[PDB]
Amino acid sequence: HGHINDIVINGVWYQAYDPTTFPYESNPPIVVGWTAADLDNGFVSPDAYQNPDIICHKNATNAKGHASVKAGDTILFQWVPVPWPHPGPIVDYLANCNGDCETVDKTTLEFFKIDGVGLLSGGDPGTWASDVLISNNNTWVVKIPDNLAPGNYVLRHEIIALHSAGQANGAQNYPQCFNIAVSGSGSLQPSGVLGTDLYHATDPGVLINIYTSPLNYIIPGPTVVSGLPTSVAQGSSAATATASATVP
C-alpha cells in the first residue's frame, strides 16, 4: 500500500495526486497525476485487469495539467509512506494521447513499456525491484527515451506486489498515471497495448509463488521497447525547484 506524493523531473518537483488528501478538500489543485479513488492506498486486483480501473487506478479521471519534459530527461517517483511494504516488480509505460492528455479517453490509450525490473536474485522471497525502491528512500527513476517522438503522453508507473500472488486474484497492482508533454529530436513511436489487454490473472508473473527457491520471474505485460535499458541507474536525488502542472 502507498501512493505517489511527487515526481521530480531533472530536479523540478511536481505535486502528484494525493488520494489520501485531495478527496477531502473542497477545491483540490490541478496536478500532473490523475485523480483516482485509491483513498485507502490500495490496489487493483486481477479480477479488474479487464476493467478500466487497471489503466490509471480506480475510477481514474484525467489529470487537468501536465509536466513539460525533454526526451532524455529522468523522472523520479516518490512513494509514501516510507517504506513501501511489499515484494515485487516495477514497470513504466507511455501512451500517446494523440492530443491533449487532459481530455484523452483513457480506454483508448495504447501503452508501450519503457522499463521493467523484476526478480533481481534469489527466492523465498528473493530481492526485487521493490527492494531497490525501498533502499532509495522509496523512489524509482525512469528515463524518457532520448529518441522519443515529440507528443503528449500518459506515463503509467506501477508497482506490483506479489506477497499474496500465489493464489488466484492475489497479485496487487498499484498503477499511477501522469501527464507529460515531450519535446525532442527523435521519431520513436513504439507499438502499444491497451491497458485492459496488458495483464491476465493466469500470467506467469501474476499467479506465482515467490516463497520457493530457486525462482525465476517473467515480468507481466509487453516487452520493453527495443534499444532501451530495462532500467537506468537507480538512486534518489533532491529537487532543486518546484513547478506546477501546466494547463492547456
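Start at 1 and count along the sequence shown; that's the residue number.
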Average Cα temperature factor in the PDB entry - higher stretch of 99 to 107, 83 to 91: 99 to 107
Comparing 21 to 29 with 228 to 236, the higher average Cα temperature factor in the PDB entry belongs to 21 to 29
Per the coordinate record, which of the options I75, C177, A71, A171 holds the highest CA temperature factor? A71
Among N41, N59, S187, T196, the highest C-alpha B-factor in the PDB entry belongs to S187
By the entry's values, the third containing the CA B factor of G116 is the lowest
Classify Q50 as lowest, middle or highest third according to the C-alpha B-factor given in the PDB entry, relative to its own chain. middle
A245, C-alpha B-factor rank within chain (lowest, middle or highest third): middle
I160: CA temperature factor from the record, placed by chain third, in the lowest
Chain thirds of CA B-factor: placement of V142: middle
